[PDB]
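Trainee: Got a structure for you, questions after.
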Amino acid sequence: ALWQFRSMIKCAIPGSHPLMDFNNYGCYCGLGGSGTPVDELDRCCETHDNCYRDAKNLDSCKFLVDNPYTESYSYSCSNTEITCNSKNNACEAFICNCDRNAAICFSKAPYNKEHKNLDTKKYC
Ligand SMILES: [Ca+2]
């Protein structure tokens, strides 16, 4: 889940908006835009999309509804660091593995908070 990994992304970042620091950042980060990224940090957003989708196809989840942003979450947060769920099949826990390894790209990565806000011309 996206709104549900977001609440813990704004603990991951000491922080404020879990996206919008990302929605408009390079090309897209997390939410918005289309194509390919800019940063190492923006690469976990090319793939929080490429391993975010596949919940639709899944070994455990293959029907109608869950396509871009929805399945998981039942978490925590410490310093900055959380957990993910407390239930699991792949349906929730596979989607949770790309969400939390994106809270690890998104709290930390080879970060740059620098090309925020962008335009998608120079940027994408
Ligand atoms: Ca994105």
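We label chains A, B, ... in the order they appear in the structure tokens, count residues from 1 in each chain, and number ligands from 1 in the order shown.
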Taking only C-alpha atoms and all ligand atoms into account, which residues are within 12 Å of ligand 1, as a PyMOL selection string?
Mentor: chain A and resi 2+19-20+22-38+41-53+68-69+102
Trainee: Put those residues in a file: C-alpha atoms, as a PDB file, in the first residue's frame.
Mentor:
ATOM      1  CA  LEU A   2       0.990   3.571  -0.876  1.00  0.00           C
ATOM      2  CA  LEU A  19       5.716  11.807  -1.548  1.00  0.00           C
ATOM      3  CA  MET A  20       5.800  15.442  -2.841  1.00  0.00           C
ATOM      4  CA  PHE A  22       9.110  12.666  -4.539  1.00  0.00           C
ATOM      5  CA  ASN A  23       5.863  13.182  -6.793  1.00  0.00           C
ATOM      6  CA  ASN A  24       7.689  16.018  -8.581  1.00  0.00           C
ATOM      7  CA  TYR A  25      11.440  15.135  -8.185  1.00  0.00           C
ATOM      8  CA  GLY A  26      13.510  14.505 -11.372  1.00  0.00           C
ATOM      9  CA  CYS A  27      10.755  13.072 -13.478  1.00  0.00           C
ATOM     10  CA  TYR A  28       8.219  11.332 -11.130  1.00  0.00           C
ATOM     11  CA  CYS A  29       9.507   9.779  -7.851  1.00  0.00           C
ATOM     12  CA  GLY A  30       6.847   7.546  -6.209  1.00  0.00           C
ATOM     13  CA  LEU A  31       3.722   9.156  -7.801  1.00  0.00           C
ATOM     14  CA  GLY A  32       3.709  11.299 -10.743  1.00  0.00           C
ATOM     15  CA  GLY A  33       5.210  11.665 -14.294  1.00  0.00           C
ATOM     16  CA  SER A  34       6.237   9.032 -16.932  1.00  0.00           C
ATOM     17  CA  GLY A  35       9.326   7.477 -18.665  1.00  0.00           C
ATOM     18  CA  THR A  36      12.651   6.911 -16.812  1.00  0.00           C
ATOM     19  CA  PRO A  37      14.351   8.705 -13.690  1.00  0.00           C
ATOM     20  CA  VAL A  38      17.422  10.928 -13.014  1.00  0.00           C
ATOM     21  CA  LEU A  41      17.118   7.829  -5.620  1.00  0.00           C
ATOM     22  CA  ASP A  42      14.788   8.158  -8.654  1.00  0.00           C
ATOM     23  CA  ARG A  43      15.747   4.539  -9.833  1.00  0.00           C
ATOM     24  CA  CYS A  44      13.834   2.977  -6.812  1.00  0.00           C
ATOM     25  CA  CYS A  45      10.832   5.015  -8.227  1.00  0.00           C
ATOM     26  CA  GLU A  46      11.335   3.483 -11.819  1.00  0.00           C
ATOM     27  CA  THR A  47      11.069   0.101  -9.932  1.00  0.00           C
ATOM     28  CA  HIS A  48       8.471   1.327  -7.236  1.00  0.00           C
ATOM     29  CA  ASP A  49       6.287   0.994 -10.338  1.00  0.00           C
ATOM     30  CA  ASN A  50       8.226  -2.095 -11.920  1.00  0.00           C
ATOM     31  CA  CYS A  51       8.039  -4.312  -8.787  1.00  0.00           C
ATOM     32  CA  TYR A  52       4.901  -2.237  -7.585  1.00  0.00           C
ATOM     33  CA  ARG A  53       2.589  -3.384 -10.402  1.00  0.00           C
ATOM     34  CA  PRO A  68      -0.529   0.325  -9.141  1.00  0.00           C
ATOM     35  CA  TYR A  69      -0.950   1.375  -5.424  1.00  0.00           C
ATOM     36  CA  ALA A 102      11.576   1.825  -1.243  1.00  0.00           C
TER      37      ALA A 102
END
Trainee: Just the residues within 6 Å of region 92-98 of chain A, please, counting only C-alpha atoms, with nothing from its chain fewer than 5 positions along; format it as a ChimeraX atom specification.
Mentor: /A:71-72,84
Trainee: Just the helix (DSSP H, G or I) stuff from region 48-109 of chain A, please, per backbone DSSP, written as a list in words.
Mentor: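 Helix (DSSP H, G or I) members of region 48-109 of chain A, listed: residues 48, 49, 50, 53, 54, 55, 93, 94, 95, 96, 97, 98, 99, 100, 101, 102, 103, 104, 105, 106 and 107 of chain A.
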Trainee: Between A:118, A:77, A:124, A:91, which is the closest to residue 13 (chain A) once you count only C-alpha atoms?
Mentor: A:77
Trainee: To one decimal in Å, tell me the separation between CA of residue 11 (chain A) and CA of residue 82 (chain A).
Mentor: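 A separation of 8.6 Å between them.
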Trainee: Excluding residue 83 (chain A) and residues on its chain fewer than 5 positions from it, collect all residues at most 12 Å away from it, counting only C-alpha atoms, and give them as a ChimeraX atom specification.
Mentor: /A:5,8-9,12,72-78,93,96-97,99-101,103-104
Trainee: Hey, which of A:85, A:80, A:57, A:70 ends up closest to residue 106 (chain A)? Count only C-alpha atoms.
Mentor: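 Comparing A:85, A:80, A:57, A:70 against residue 106 (chain A), the winner is A:80.
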Trainee: Can you work out the spacing between CA of residue 87 (chain A) and CA of residue 18 (chain A) in Å, to one decimal?
Mentor: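 CA of residue 87 (chain A) sits 24.2 Å away from CA of residue 18 (chain A).
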Trainee: Return the single residue from A:121, A:17, A:113, A:6 that is closest to residue 40 (chain A), with distances computed using only C-alpha atoms.
Mentor: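 So, comparing all the options, the nearest one is A:113.
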Trainee: If you measure from CA of residue 120 (chain A) to CA of residue 10 (chain A), what distance in Å do you get, rounded to one decimal?
Mentor: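 These atoms are spaced 25.2 Å apart.
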